[PDB]
Amino acid sequence: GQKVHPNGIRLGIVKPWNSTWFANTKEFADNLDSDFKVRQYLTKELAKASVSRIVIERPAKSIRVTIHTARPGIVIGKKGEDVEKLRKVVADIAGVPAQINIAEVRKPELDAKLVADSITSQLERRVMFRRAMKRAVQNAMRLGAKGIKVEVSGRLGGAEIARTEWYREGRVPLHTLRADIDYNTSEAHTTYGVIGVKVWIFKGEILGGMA
Amino acid sequence: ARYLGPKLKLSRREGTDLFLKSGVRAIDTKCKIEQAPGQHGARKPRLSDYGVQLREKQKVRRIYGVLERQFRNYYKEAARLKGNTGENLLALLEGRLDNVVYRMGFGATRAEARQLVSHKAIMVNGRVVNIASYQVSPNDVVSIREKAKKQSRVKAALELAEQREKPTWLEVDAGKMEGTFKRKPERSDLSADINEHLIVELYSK
Amino acid sequence: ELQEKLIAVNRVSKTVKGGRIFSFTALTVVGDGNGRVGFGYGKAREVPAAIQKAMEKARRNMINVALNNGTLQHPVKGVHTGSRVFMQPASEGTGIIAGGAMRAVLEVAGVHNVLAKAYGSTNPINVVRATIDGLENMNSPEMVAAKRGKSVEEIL
Amino acid sequence: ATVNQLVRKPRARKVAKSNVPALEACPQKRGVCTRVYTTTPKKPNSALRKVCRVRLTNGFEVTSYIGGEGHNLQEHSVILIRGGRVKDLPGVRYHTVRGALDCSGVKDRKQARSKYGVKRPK
RNA sequence: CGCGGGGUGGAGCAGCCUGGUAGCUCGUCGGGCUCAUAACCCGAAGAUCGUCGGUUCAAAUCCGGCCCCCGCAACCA
RNA sequence: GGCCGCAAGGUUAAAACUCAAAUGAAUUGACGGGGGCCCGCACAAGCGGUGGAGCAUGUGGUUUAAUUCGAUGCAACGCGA
RNA sequence: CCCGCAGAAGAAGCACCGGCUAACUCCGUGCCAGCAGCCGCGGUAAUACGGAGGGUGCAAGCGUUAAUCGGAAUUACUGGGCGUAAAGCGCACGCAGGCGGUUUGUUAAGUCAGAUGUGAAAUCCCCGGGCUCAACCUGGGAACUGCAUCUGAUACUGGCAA
Ligand SMILES: [Mg+2]
Ligand SMILES: [Mg+2]
Ligand SMILES: [Mg+2]
Ligand SMILES: [Mg+2]
Ligand SMILES: [Mg+2]
Ligand SMILES: [Mg+2]
Ligand SMILES: [Mg+2]
Ligand SMILES: [Mg+2]
Ligand SMILES: [Mg+2]
Ligand SMILES: [Mg+2]
Ligand SMILES: [Mg+2]
Ligand SMILES: [Mg+2]
Ligand SMILES: [Mg+2]
Ligand SMILES: [Mg+2]
Ligand SMILES: [Mg+2]
Ligand SMILES: [Mg+2]
Ligand SMILES: [Mg+2]
Ligand SMILES: [Mg+2]
Ligand SMILES: [Mg+2]
Ligand SMILES: [Mg+2]
Ligand SMILES: [Mg+2]
Ligand SMILES: [Mg+2]
Ligand SMILES: [Mg+2]
Ligand SMILES: [Mg+2]
Ligand SMILES: [Mg+2]
Ligand SMILES: [Mg+2]
Ligand SMILES: [Mg+2]
Ligand SMILES: [Mg+2]
């Protein structure tokens, strides 16, 4: 069958929104276009900075970006040079005065987006897909994830026939709404085509809800 | 007959040091001793039972400079002879005259020793012997004849032999340039890394 | 201390409603050289898991064999499903002359000189089991003297 | 099985016939190409395999495969044949010897030259 | 920087050579034991094998890089 | 070929040629106009329809300079749109 | 056979590299050309067809074919089987033949032990010797598993007697 998006089905219940601002129908679409532009530019720039989650937050006359990243040192660089460059570019893109904040992810082995990006990086660098996915699963379980599942799909090892391979350890209850399933995907553009990577990480269950 | 190709190639393929060069310089400095020779040298394929047996036999043959027919004859004689077959085979290979000359130290390499023996530089009991495969007997004196006593390569080889570890089963006088073959080298005197079971099994298929 | 070697890996199928499900079987033999030898057979969806399971099973369920100076004590026969096996105490220096699975089992067991031949079926699993059984059914001069109520000098 | 039964009637060795009876225990034999043509191979494979019907010096008329790319053979061409069948050709149990009497070596071969009668290039 | 050796639960030690198997003692907790401590017995917890990689069906082990630690290294007026 | 038989035939008993399998037991599925058990608007019990008419709409076909391309058992045909 | 002369000077090839089986990549071709001992390979990324580079194995040889034994316990004496895989006559009676409960005596045929004669030399094997070594030649032994005759043993088998 076809499974629902774990993040989308858990929005509001346990997962927050990435963009968090109010807008009337007059400015809704323009806000969406600008947010798309900002996220695209930021990912393209900080591809090698291990960025996990861009969070856009708009005061009525301001744009506040919050970059969740594993290595703040590289994104900020020398004192404030790189952040100021990013701030000025995002300001011109948005057309509004901008303010960039940086949140450090202390455990990049439990972040699904970072894990998927690392696997795709390894796949592009022509490692063995089983080796890469087993390393990711072992690292997450060692770091203490309640569960993790990783799936790779399409022309594995340059094979003419496409296949899907997946490894799960621990438990990853998808149907439990109150669970905390971090999920993200990535694509490795190998010389034989695209290889899709999906990662589920069950970190726990939030009883209190806490939206 | 004699292998005339690159010698470090054989050493790399086998993996160990076969002492195919004089030993003034490290074999790691002279070549990539770790990597196998060829386009696909970096890859290390897994060897099967027949592979390792063949490898061991090739190692011994390349070390001593013996082709398949002569080596097979050596094995046949060793099997026929009483006692341990592998030990007898090693004893015969040691008994070879070129090996004896190299052990005494009148040659930087076994090839150099064979060169001297072929070019009639070696007297055994006052008899000029020309065959490298000549089996030396116990209590045999082996001496360099006066024609070759002037060669500088013999003295350089003597210095290299002094550098090397001395064999107990021989007694060599460098001033006289002559050594006595006291006794057949025991298995304890011979190198431990060489395995004989593989050779015996390979030829006892 | 325990020397171990993998004899054979075989691919097998299950043929389920959807398609065919493949899995791997590993036959391994471990031994201490000093006389203890034990075989193991494992199965998993992947080769490394199967080999590790076989290694664990082989590490367990060992058996001691009475070795005389690194060789057998008397000619011994061994039988199983198809494998009929004969082994002879050859002289020192002959080496282990045996075919495949028997070679592996005897080498890890620690016997350095035997003359063996496998009659009948030569299926690796059955021949390993038959060889181990034959090694088990081999008594020493001390054992026969004790059971017969005599001294070793009377038995010779 | 019983030794008494064996004494009455011993065990009679199973005489295995040769698979190349036209050679008559000879390594090669000379013949004349009665006809040169091509044939379709057996089921799992496909090609136009070159074969010769050859009248041997000892009266036998056999069919022989022509190995290598291209051949100059024709009718009334004396050739030398050896043993060996082509499997996926019904009734062909002999090979022609390339580089033999009135048979040219394969052109432009650099490997297996000895098998195809090709002389060493300079 | 030159050469060599080393890095394994918190500490002190095996396991490295032969690629498959994380062990021993002290320390911690609990129980029994002791009136209790102590001693003794039984359990339970604790490394990811310095780290980054490479090889391989599979790496504490094989190879390389980096990080450190130690020994050796010729220089202080 | 021999022997036996009125005959039908019986008995003794090859070779050339041809293939790389033929077979025995058992294992997991799928299937059976095999067997048992169970469920679902599956049937049965009911109500309202479609198939007839006109028109709307999609498809096939035919036509056209073009009638853009795709979906086309259930699970395409008021589908992408 | 020895001594002298000159100068690396005159002297390396063949098969193979998918598994069995030690040794891999690229290019050309596209169920064609072709390969093949078996299993198979080739329909557009061929480690299996051709060429190249690299490698592996032998080497003045290397491959192919033919032939015998081996592996083949696949004619099984050593050393197999016959309920369903090939294999118990449809069933019985019975001659020749094969086998023979138990005790004693006797014989000495089988059996065993010893001795004698012979079993040509060469070949095979062991210890030596001579060709510079080896092949080769050679001294002495061992062996030639056998046959015959004689002298003994009498447990078993056979004969004879009860
Ligand atoms: Mg859905
Ligand atoms: Mg069989
Ligand atoms: Mg008839
Ligand atoms: Mg309903
Ligand atoms: Mg109805
Ligand atoms: Mg209608
Ligand atoms: Mg239609
Ligand atoms: Mg259409
Ligand atoms: Mg269409
Ligand atoms: Mg519809
Ligand atoms: Mg190979
Ligand atoms: Mg070929
Ligand atoms: Mg190609
Ligand atoms: Mg080719
Ligand atoms: Mg043949
Ligand atoms: Mg036979
Ligand atoms: Mg049978
Ligand atoms: Mg039947
Ligand atoms: Mg039957
Ligand atoms: Mg019956
Ligand atoms: Mg009787
Ligand atoms: Mg009778
Ligand atoms: Mg008598
Ligand atoms: Mg004679
Ligand atoms: Mg001599
Ligand atoms: Mg003689
Ligand atoms: Mg009697
Ligand atoms: Mg009697």
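Just the heavy atoms: all of them, side chains too, but no hydrogens, waters or symmetry mates, feed the values below. Below, chains carry the letters A, B, ... as their sequence lines are ordered, and counting in each starts from 1.
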Could you tell me how far [M] sits from [N] if I compare only their [atom1] atoms? Round to whole Å.
| N | M | atom1 | value |
| --- | --- | --- | --- |
| G:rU84 | F:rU23 | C1' | 12 Å |
| E:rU48 | E:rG23 | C1' | 15 Å |
| G:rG98 | G:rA120 | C1' | 43 Å |
| G:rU111 | G:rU154 | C1' | 10 Å |
| G:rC16 | G:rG37 | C1' | 15 Å |
| G:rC49 | G:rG43 | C1' | 14 Å |
| G:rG50 | G:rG30 | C1' | 13 Å |
| E:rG12 | E:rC70 | P | 14 Å |

Looking only at N and O atoms, is any donor in the side chain of D:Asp88 or the base of G:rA36 less than 3.5 Å from an acceptor on the other one?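 Side chain to base: pair present.
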Is a donor-acceptor contact shorter than 3.5 angstrom present between the side chain of D:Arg120 and the base of G:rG13?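 Absent.
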Judged by atom type as modelled, is there a donor-acceptor pair below 3.5 Å linking the side chain of B:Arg12 to the main-chain atoms of B:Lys32?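 Yes, because the side chain of B:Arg12 sits within donor-acceptor range (under 3.5 Å) of the backbone of B:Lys32.
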Looking at every strand, decide which applies to [X] at a 4.0 Å heavy-atom threshold: base, sugar-phosphate, or nothing.
| X | result |
| --- | --- |
| D:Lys110 | sugar-phosphate |
| C:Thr28 | nothing |
| D:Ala1 | base |
| D:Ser18 | sugar-phosphate |
| A:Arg126 | nothing |
| C:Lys57 | nothing |
| C:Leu2 | base |
| D:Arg8 | nothing |
| C:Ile51 | base |
| D:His71 | nothing |
| D:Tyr65 | sugar-phosphate |
| B:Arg61 | sugar-phosphate |
| D:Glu69 | sugar-phosphate |
| B:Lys205 | nothing |

By nearest atom, which of the nucleotides [options] is closest to the [X] side chain?
| X | options | answer |
| --- | --- | --- |
| D:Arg85 | G:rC38, G:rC24, G:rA33 | G:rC38 |
| B:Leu67 | G:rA60, G:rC14, F:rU28 | G:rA60 |
| D:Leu23 | G:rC126, G:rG34, G:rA66 | G:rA66 |

Check the distance between [N]'s [atom2] and [X]'s [atom1] and give it to me in whole angstrom.
| X | N | atom1 | atom2 | answer |
| --- | --- | --- | --- | --- |
| D:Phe60 | F:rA16 | CZ | P | 14 Å |
| C:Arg20 | F:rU28 | CZ | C1' | 12 Å |
| C:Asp32 | E:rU18 | CG | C1' | 14 Å |
| D:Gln111 | G:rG53 | CD | P | 9 Å |
| D:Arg93 | G:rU65 | CZ | P | 17 Å |
| C:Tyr119 | G:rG79 | OH | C1' | 8 Å |
| C:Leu6 | E:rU21 | CG | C1' | 15 Å |
| D:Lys9 | G:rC77 | NZ | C1' | 17 Å |

Crowding at [atom1], [X] (>12 non-hydrogen neighbours, <6.0 Å):
| X | atom1 | result |
| --- | --- | --- |
| A:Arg71 | CZ | no |
| D:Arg30 | CZ | no |
| C:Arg84 | CZ | no |

Which one is paired to [N], where only Watson-Crick or G-U wobble pairs with both distances under 3.5 angstrom count?
| N | answer |
| --- | --- |
| G:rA66 | none |
| E:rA38 | none |
| E:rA44 | E:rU28 |
| G:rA120 | none |
| F:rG61 | none |

For the side-chain hydrogen bond (donor to acceptor under 3.5 Å, both in side chains) test, which of B:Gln70, B:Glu68, B:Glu56 pairs with B:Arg61?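 In the set B:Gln70, B:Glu68, B:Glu56, the residue that makes a side-chain hydrogen bond (donor to acceptor under 3.5 Å, both in side chains) with B:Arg61 is B:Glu68.
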Between [X] and [Y], do the side chains contain an N or O donor and an N or O acceptor separated by less than 3.5 Å?
| X | Y | value |
| --- | --- | --- |
| D:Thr96 | D:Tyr65 | no |
| B:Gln115 | B:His119 | yes |
| A:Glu160 | A:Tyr192 | no |

Is F:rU72 in the syn range, within 90° of 0, or in the anti range?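 Anti conformation for F:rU72.
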Just confirming the chi classification of F:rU67, syn or anti, using 90° around 0 as the syn window.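 Because its glycosidic torsion lies within 90° of 0, F:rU67 adopts the syn conformation.
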Is [X] close enough to [N] that one of its side-chain N or O atoms is under 4.0 Å from OP1 or OP2 there?
| X | N | answer |
| --- | --- | --- |
| B:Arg80 | G:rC125 | no |
| B:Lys57 | G:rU56 | no |
| B:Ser48 | G:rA22 | yes |
| D:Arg113 | G:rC16 | no |

Using the closest heavy atom to pick a nucleotide of RNA chain G for each, name whichever of D:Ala12 or B:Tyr50 lands nearer the 5' end.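 Nearest nucleotide further toward 5': that of B:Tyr50.
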Name the residue closer to the 5' end of RNA chain G, choosing between D:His95 and D:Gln5 according to the nucleotide with the nearest heavy atom.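 Checking each residue's closest nucleotide, the 5'-ward one belongs to D:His95.
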Based on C1'-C2'-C3'-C4', put the sugar of [N] on the north side (positive) or the south side (negative).
| N | result |
| --- | --- |
| F:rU72 | north |
| F:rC41 | south |
| F:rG58 | north |
| G:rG98 | north |
| G:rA12 | south |

So, A:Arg142 and A:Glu109, do they make that salt bridge, N to O below 4.0 Å?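 No salt bridge links A:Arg142 with A:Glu109.
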One thing to verify: whether C:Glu56 and C:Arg60 come together as a salt bridge, which I'm taking to mean a side-chain N less than 4.0 angstrom from a carboxylate O.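 Yes, this pair counts.
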Do both conditions hold for E:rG19 and E:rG20, namely six-membered ring centres separated by less than 5.5 Å and ring planes inclined at less than 30°?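 E:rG19/E:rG20: stacking flag false.
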